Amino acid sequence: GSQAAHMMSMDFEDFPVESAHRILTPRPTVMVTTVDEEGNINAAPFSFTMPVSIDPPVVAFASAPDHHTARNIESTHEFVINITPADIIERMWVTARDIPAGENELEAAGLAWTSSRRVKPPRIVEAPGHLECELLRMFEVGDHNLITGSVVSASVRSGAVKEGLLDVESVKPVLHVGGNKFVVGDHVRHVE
């Protein structure tokens, strides 16, 4: 092997495969909003998320199949991904509490919501960026449901975009490390 490879031959440790998600971090933490058939708003944070296709715009996120978010999407086929700025990190955290079905956790979080342009579920006012999505497919994978969706509409808060990109320095997106540990992503470093 290469000399570098040779001297590190002992620097590695086996790590539990069921803790794999803890190595693939930090991850963007988003609040996903949905509605049930009665129109009740539901909101919850998710950190297993990622874009999939640029054009057509298709995004994805993984949810436990039992979550209100999972079940609402299965029945109303829509959801809005809301970016989480650090200024409301404690509030998004509250939206994770196990609030009764049909109840809007945005209320208990002291967050506000406004209508979306193309879908039923709302956009969170405090969120600087929103991705209005239409269900594509809900593939079941292990203990989660891989949910992909077509982005039919996108909106941003004034000043949240810098040169076409999310103005992280301003927005300071919340990233999940694991448990109650997070990373505020306001550290811009260009490669050039």
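Residue positions are given as counts along the sequence shown, with the first one as 1.
Student: Per the record, averaged over C-alpha atoms, which has the higher B-factor: 96 to 104 or 78 to 86?
Tutor: Looking at the record's C-alpha B-factors, the answer is 96 to 104.
Student: With respect to the recorded C-alpha B factors, which stretch has the higher mean value, 147 to 155 or 160 to 168?
Tutor: Result: 160 to 168.
Student: According to the Cα B-factor stored in this entry, which of the following is highest: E126, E140, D36, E132?
Tutor: Across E126, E140, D36, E132, the entry lists the biggest C-alpha B-factor for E140.
Student: When the deposited Cα B-factors of this chain's modelled residues are ordered and cut into thirds, is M10 in the lowest, the middle or the highest one?
Tutor: As the PDB entry reports it, the C-alpha B-factor of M10 lands in the highest third of its chain.
Student: Splitting the chain's C-alpha B-factors into thirds, which one does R22 fall into?
Tutor: For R22, whose C-alpha B-factor we compare with every modelled residue in the chain, the answer is the middle third.
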